[PDB]
Amino acid sequence: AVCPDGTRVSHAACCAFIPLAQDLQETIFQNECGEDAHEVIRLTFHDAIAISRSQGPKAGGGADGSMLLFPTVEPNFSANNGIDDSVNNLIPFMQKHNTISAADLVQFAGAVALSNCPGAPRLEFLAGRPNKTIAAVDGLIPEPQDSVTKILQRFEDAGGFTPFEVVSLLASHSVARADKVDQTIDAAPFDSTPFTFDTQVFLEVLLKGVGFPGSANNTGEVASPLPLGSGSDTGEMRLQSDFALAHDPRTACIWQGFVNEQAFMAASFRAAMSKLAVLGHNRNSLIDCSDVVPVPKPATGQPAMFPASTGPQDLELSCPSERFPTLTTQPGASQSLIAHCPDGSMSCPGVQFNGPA
Ligand code: HEM
Ligand SMILES: *[C@@H]1O[C@H](CO)[C@@H](O[C@@H]2O[C@H](CO)[C@@H](O)[C@H](O)[C@H]2NC(C)=O)[C@H](O)[C@H]1NC(C)=O
Ligand SMILES: *[C@H]1O[C@H](CO)[C@@H](O)[C@H](O)[C@@H]1O
Ligand SMILES: [Ca+2]
Ligand SMILES: [Ca+2]
Ligand SMILES: [Mn+2]
């Protein structure tokens, strides 16, 4: 099919996604892997994972737009703290781009957001999820204080994900920050490159923790290797869950196996996202609209490196059967600040719509 705005696409139903991508980019992402993009990527997961094989369909419909369609329910659960921003940013698009279901909007918006992150894959995007569902129940969203056993069981119950797929999906923490874990600081990044979809998070979680970016007393947080902040450039935060996954015998080898393996990480993330994005649906009933996902920004191709103030002596290794790679260390004796903005600065307020969540 040829769209009215002269693009040839695979299927006529794909056409409406072209102006949607343009609108998302102009309005909330600005072609950046920044705050609003990150919040939308997080929403793809919180929307999709709220499904349970054991509890049955009444517990939730998976990748179904429930967060948008019932904005006063799940966003107010404690495990969904902070999801309101992404929900309130996407509702105006649901209202305007009113041939595309809420469910499809969430998954597509995440694919568009990710495409702005250098190194990210071009996600598969299937379309045709219905615009009617139910609100999910509480307890379906993993929390950072949870054990590895609890996390792996949650993902197995949601969609049969293997531990390999779970760790693969945590490549998203390469482009991720925390606003609610510590009430005293905002935008605390999980790696030193929160605007780049690289392997730094896998490396940096394996370093010895030396302090905290804010207070020392927060649920779900453990000591960070890069805690220095100044102004709006908040220090790195480490989640208890990521730490636990990096060291648990079930997942340690998988965790380590992504260090300095960018193409493998990106391909693995793409494969697990293909499964996540269709939870609650039979993929044989969704049309392939992958050609309307924007082409992602390329990586520079550089290897992973130890940040200044760290090195191999700081590693806490847990995989007996795989050799840890030889990596360089960035020069300097003290830690560099992790910039608050993609252009290196301190200030870059994003667009935020008011709304019902
Ligand atoms: C065991 C599983 C996981 C746990 C416990 C977890 C936990 C968290 C927590 C606590 C935050 C910080 C929220 C805040 O305080 O503002 C966060 C942020 C984030 N998470 Fe995860 N997460 C998990 C899996 C995932 C997966 C599977 C994805 C997506 C594929 C994802 C994508 C993100 C993104 C992109 C952010 C950053 C949001 C922003 O920077 O504004 N997470 N996660
Ligand atoms: C999916 O459902 C939503 C929510 O019912 C629909 O949203 C409404 O969209 C119309 C325009 O079509 C607006 O006048 C309303 O204000 C929206 N409602 C709410 C509660 O925001 C949406 O149109 C539906 N989309 C599809 C593809 O059927
Ligand atoms: C980032 O900044 C630190 C100092 O904060 C340096 O040691 C490093 O070399 C880089 O310039
Ligand atoms: Ca949902
Ligand atoms: Ca990164
Ligand atoms: Mn945030």
# chains A, B, ... in the order shown; residues from 1 in each chain; ligands from 1
call {"tool": "residues_near_ligand", "arguments": {"ligand": "ligand 3", "cutoff": "12 Å", "atoms": "only C-alpha atoms and all ligand atoms", "output": "VMD selection string"}}
result
chain A and resid 192 226 to 230 233 235 306 to 310 329 to 339 344
call {"tool": "select_by_dssp", "arguments": {"residues": "range 156-189 of chain A", "states": "alpha helix (DSSP H)", "output": "ChimeraX atom specification"}}
result
/A:156-159,163-169
call {"tool": "closest_atom_pairs", "arguments": {"of": "range 78-192 of chain A", "to": "range 200-220 of chain A", "cutoff": "9 Å", "atoms": "only C-alpha atoms", "output": "tab-separated table"}}
result
residue	atom	partner	partner_atom	distance
A:143	CA	A:220	CA	7.5
A:144	CA	A:220	CA	4.6
A:145	CA	A:220	CA	4.0
A:146	CA	A:220	CA	7.7
A:171	CA	A:201	CA	7.6
A:173	CA	A:201	CA	6.6
A:174	CA	A:201	CA	5.2
A:175	CA	A:201	CA	8.8
A:181	CA	A:218	CA	6.6
A:182	CA	A:218	CA	6.2
A:183	CA	A:214	CA	8.5
A:184	CA	A:214	CA	6.4
A:185	CA	A:214	CA	6.2
A:188	CA	A:213	CA	7.4
A:190	CA	A:201	CA	6.5
A:191	CA	A:201	CA	4.8
A:192	CA	A:200	CA	7.0
call {"tool": "closest_residue", "arguments": {"among": "A:356, A:350, A:176, A:286", "to": "residue 76 in chain A", "atoms": "only C-alpha atoms"}}
result
A:356
call {"tool": "residues_near_ligand", "arguments": {"ligand": "ligand 4", "cutoff": "12 Å", "atoms": "only C-alpha atoms and all ligand atoms", "output": "MDAnalysis selection string"}}
result
chainID A and resid 43:52 57:71 73:75 80 87 102:104 106:107 129:138 140:141 158 276:281
call {"tool": "residues_around", "arguments": {"residues": "residue 254 in chain A", "least_positions_apart": "4", "cutoff": "12 Å", "atoms": "only C-alpha atoms", "output": "JSON, numbers by chain"}}
result
{"A": [162, 163, 164, 165, 166, 167, 168, 169, 170, 171, 202, 245, 246, 247, 248, 249, 250, 258, 259, 261, 264, 265, 268, 318, 319, 320, 321, 322, 324]}
call {"tool": "write_last_selection", "arguments": {"atoms": "N, CA and C atoms", "output": "mmCIF file, in the first residue's frame"}}
result
data_model
loop_
_atom_site.group_PDB
_atom_site.id
_atom_site.type_symbol
_atom_site.label_atom_id
_atom_site.label_comp_id
_atom_site.auth_asym_id
_atom_site.auth_seq_id
_atom_site.Cartn_x
_atom_site.Cartn_y
_atom_site.Cartn_z
ATOM 1 N N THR A 162 12.348 -17.514 29.724
ATOM 2 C CA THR A 162 13.489 -18.181 30.327
ATOM 3 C C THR A 162 14.345 -17.163 31.058
ATOM 4 N N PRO A 163 15.240 -17.623 31.962
ATOM 5 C CA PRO A 163 16.185 -16.677 32.577
ATOM 6 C C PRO A 163 17.011 -15.909 31.552
ATOM 7 N N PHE A 164 17.402 -16.567 30.442
ATOM 8 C CA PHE A 164 18.120 -15.863 29.391
ATOM 9 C C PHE A 164 17.306 -14.675 28.880
ATOM 10 N N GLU A 165 16.010 -14.907 28.612
ATOM 11 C CA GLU A 165 15.156 -13.832 28.138
ATOM 12 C C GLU A 165 14.974 -12.717 29.179
ATOM 13 N N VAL A 166 14.871 -13.082 30.473
ATOM 14 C CA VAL A 166 14.719 -12.084 31.536
ATOM 15 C C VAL A 166 15.931 -11.140 31.567
ATOM 16 N N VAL A 167 17.124 -11.731 31.619
ATOM 17 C CA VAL A 167 18.340 -10.889 31.657
ATOM 18 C C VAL A 167 18.461 -10.084 30.368
ATOM 19 N N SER A 168 18.110 -10.694 29.223
ATOM 20 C CA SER A 168 18.104 -9.969 27.958
ATOM 21 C C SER A 168 17.247 -8.702 28.028
ATOM 22 N N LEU A 169 16.037 -8.830 28.634
ATOM 23 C CA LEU A 169 15.137 -7.688 28.741
ATOM 24 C C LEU A 169 15.719 -6.576 29.635
ATOM 25 N N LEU A 170 16.567 -6.937 30.597
ATOM 26 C CA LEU A 170 17.234 -5.956 31.488
ATOM 27 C C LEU A 170 18.331 -5.203 30.764
ATOM 28 N N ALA A 171 18.615 -5.457 29.493
ATOM 29 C CA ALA A 171 19.398 -4.533 28.719
ATOM 30 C C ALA A 171 18.757 -3.134 28.708
ATOM 31 N N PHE A 202 25.818 -3.901 32.332
ATOM 32 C CA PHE A 202 26.238 -5.246 32.699
ATOM 33 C C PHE A 202 27.612 -5.214 33.405
ATOM 34 N N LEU A 245 20.680 -10.558 40.395
ATOM 35 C CA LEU A 245 20.734 -11.275 39.112
ATOM 36 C C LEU A 245 22.173 -11.445 38.620
ATOM 37 N N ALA A 246 23.005 -10.433 38.834
ATOM 38 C CA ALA A 246 24.385 -10.505 38.383
ATOM 39 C C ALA A 246 25.171 -11.580 39.127
ATOM 40 N N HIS A 247 24.736 -11.930 40.357
ATOM 41 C CA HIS A 247 25.489 -12.860 41.209
ATOM 42 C C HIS A 247 24.822 -14.204 41.415
ATOM 43 N N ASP A 248 23.564 -14.372 41.066
ATOM 44 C CA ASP A 248 22.876 -15.630 41.329
ATOM 45 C C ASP A 248 23.360 -16.685 40.363
ATOM 46 N N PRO A 249 23.562 -17.960 40.808
ATOM 47 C CA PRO A 249 24.020 -18.991 39.850
ATOM 48 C C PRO A 249 23.153 -19.207 38.634
ATOM 49 N N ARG A 250 21.849 -18.912 38.716
ATOM 50 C CA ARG A 250 20.985 -19.107 37.550
ATOM 51 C C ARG A 250 21.252 -18.122 36.409
ATOM 52 N N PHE A 258 26.838 -10.635 28.429
ATOM 53 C CA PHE A 258 26.532 -9.443 27.649
ATOM 54 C C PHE A 258 27.618 -8.368 27.771
ATOM 55 N N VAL A 259 28.531 -8.469 28.747
ATOM 56 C CA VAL A 259 29.575 -7.455 28.882
ATOM 57 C C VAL A 259 30.401 -7.401 27.597
ATOM 58 N N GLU A 261 29.528 -7.283 24.582
ATOM 59 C CA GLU A 261 28.940 -8.085 23.478
ATOM 60 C C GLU A 261 27.690 -7.318 22.956
ATOM 61 N N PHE A 264 25.238 -9.042 20.338
ATOM 62 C CA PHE A 264 24.548 -10.140 21.012
ATOM 63 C C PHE A 264 23.494 -9.599 21.959
ATOM 64 N N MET A 265 23.854 -8.596 22.771
ATOM 65 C CA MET A 265 22.876 -7.975 23.695
ATOM 66 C C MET A 265 21.679 -7.427 22.909
ATOM 67 N N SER A 268 19.509 -10.187 21.410
ATOM 68 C CA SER A 268 18.834 -10.911 22.465
ATOM 69 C C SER A 268 17.658 -10.081 23.021
ATOM 70 N N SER A 318 31.219 -13.808 39.319
ATOM 71 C CA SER A 318 30.367 -14.902 39.746
ATOM 72 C C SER A 318 30.121 -15.971 38.662
ATOM 73 N N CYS A 319 30.822 -15.944 37.555
ATOM 74 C CA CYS A 319 30.653 -16.939 36.480
ATOM 75 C C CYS A 319 31.873 -17.768 36.287
ATOM 76 N N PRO A 320 31.920 -18.996 36.812
ATOM 77 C CA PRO A 320 33.168 -19.769 36.770
ATOM 78 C C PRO A 320 33.552 -20.237 35.400
ATOM 79 N N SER A 321 32.694 -20.300 34.458
ATOM 80 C CA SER A 321 32.993 -20.996 33.219
ATOM 81 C C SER A 321 33.195 -20.092 32.027
ATOM 82 N N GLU A 322 33.225 -18.780 32.214
ATOM 83 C CA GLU A 322 33.374 -17.916 31.069
ATOM 84 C C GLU A 322 34.415 -16.828 31.399
ATOM 85 N N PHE A 324 36.137 -13.375 31.611
ATOM 86 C CA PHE A 324 35.739 -11.996 31.659
ATOM 87 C C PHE A 324 36.638 -11.249 30.645
#
call {"tool": "atom_distance", "arguments": {"atom1": "CA of residue 82 in chain A", "atom2": "CA of residue 223 in chain A"}}
result
22.4 Å
call {"tool": "residues_near_ligand", "arguments": {"ligand": "ligand 6", "cutoff": "9 Å", "atoms": "only C-alpha atoms and all ligand atoms", "output": "list in words"}}
result
residues 35, 36, 38, 39, 42, 82, 83, 85, 176, 177, 178, 179, 180, 186, 187 and 188 of chain A
call {"tool": "residues_around", "arguments": {"residues": "residue 120 in chain A", "least_positions_apart": "4", "cutoff": "7 Å", "atoms": "only C-alpha atoms", "output": "list in words"}}
result
residues 114, 115, 197, 266 and 296 of chain A
call {"tool": "write_last_selection", "arguments": {"atoms": "C-alpha atoms", "output": "short mmCIF file (atom, residue, chain, number, x, y, z; two decimals), in the first residue's frame"}}
result
data_model
loop_
_atom_site.label_atom_id
_atom_site.label_comp_id
_atom_site.auth_asym_id
_atom_site.auth_seq_id
_atom_site.Cartn_x
_atom_site.Cartn_y
_atom_site.Cartn_z
CA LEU A 114 14.14 2.79 21.67
CA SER A 115 15.09 3.69 18.10
CA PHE A 197 21.97 1.37 24.52
CA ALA A 266 20.85 -6.03 21.11
CA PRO A 296 17.56 3.03 15.05
#
call {"tool": "closest_residue", "arguments": {"among": "A:4, A:189, A:92, A:56", "to": "residue 234 in chain A", "atoms": "only C-alpha atoms"}}
result
A:189
call {"tool": "select_by_dssp", "arguments": {"residues": "range 19-234 of chain A", "states": "strand (DSSP E)", "output": "ChimeraX atom specification"}}
result
/A:126-127,177-178,188-189,221-222
call {"tool": "write_last_selection", "arguments": {"atoms": "C-alpha atoms", "output": "tab-separated table (two decimals), in the first residue's frame"}}
result
chain	number	residue	atom	x	y	z
A	126	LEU	CA	3.03	-6.42	15.09
A	127	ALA	CA	-0.29	-4.51	15.07
A	177	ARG	CA	17.17	6.13	35.69
A	178	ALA	CA	15.29	6.18	39.03
A	188	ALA	CA	19.65	8.49	39.25
A	189	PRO	CA	21.03	6.45	36.28
A	221	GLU	CA	18.74	-0.26	46.56
A	222	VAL	CA	22.33	-1.40	47.28
